[PDB]
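In what follows, a single structure is set out as structure tokens and then discussed.
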């Protein structure tokens, strides 16, 4: 199947990136305004915004490193079986981010749309953590 | 083979986007500082920056719409045979951008790196044209 890979260096502690993306306080700055959940493996993280707030079920948590989750909701099976991985690795004086959004059937409209969006959110994650522009 | 697709809406005339990416004055604001060429089909556009300024040979030009080019230089054949397409289509009160960077052999490090970068440059293209933040 087709997968989407993004990569970005961020000058911030793996702890900062991890917590930011595993807490409501961090996520409400990153993704959107209305966000609930942000619990542990087995639980569901609820995102809400105008257009279609996604729901993400937590499948794996590694302290200050790798986080992985699977899409949840009433979407077609192909979307329900979609998994997403977020890996961290410390490089020199910064933390290198490796994001993977996998499980694509074919080159549909959603693919390119999400592909671009993901990198923009990463850029925001970078500037927010490094400077505080977010 | 593997290809990379990005998509972004920009509230600006197809003429503005076209010219910006076909003139030195526009490119020197978009991509990097030191840029030369920006000629017609058959010619080579020269980008220069610290890390590896690319050279892009123009293969097709459509007025205020589709621009396509092919990588040039002393890179391996797989890179020399790499082509890139930039399509425009007017949607409602704005212009919709469709960017394709194709000709990837395998999921190497360069793939994810370029993938993320492309979306960032598009975002910059958007804010510059709409507001003037660039």
Return a whole-number percent for the relative contact order of chain A, with Cα pairs under 8 Å and 6 or more residues apart as the contact set.
29
Within 10 Å of each residue's Cβ, count the other Cβ atoms and sort A:71, B:6 from fewest upward.
A:71, B:6
Of A:11, A:57, A:117, the most mobile residue in a GNM of chain A (C-alpha springs, cutoff 10 Å) is A:117
Along the axis that rotates chain B into chain A, which residue of chain B has the nearest beta-carbon, and what is the gap in whole Å?
B:119, 2
Per-residue mean of C-beta atoms belonging to partner chains within 10 Å, peptide A:25-32:
0
Rounded, prolate or oblate: which one fits region B:18-134, using the alpha carbon gyration tensor with axes a ≥ b ≥ c (rounded when a/c is under 1.5, else prolate when a/b beats b/c, else oblate)?
rounded
Using r as the Cβ-Cβ distance of residue A:127 and residue A:75, and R0 as 25 Å, what FRET efficiency do you calculate, to the nearest 0.05?
0.20
Between 0 and 90°, nearest 10: helix A:109-130 axis offset from chain A longest Cα axis
20
Highest GNM mean-square fluctuation among A:52, A:73, A:39, for chain A with Cα springs under 10 Å, belongs to A:52
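Bear in mind that the values in this text are calculations on the coordinates, not laboratory data. No Cβ is skipped: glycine too gets one built from the backbone with ideal geometry, and neighbour counts run over all protein chains shown.
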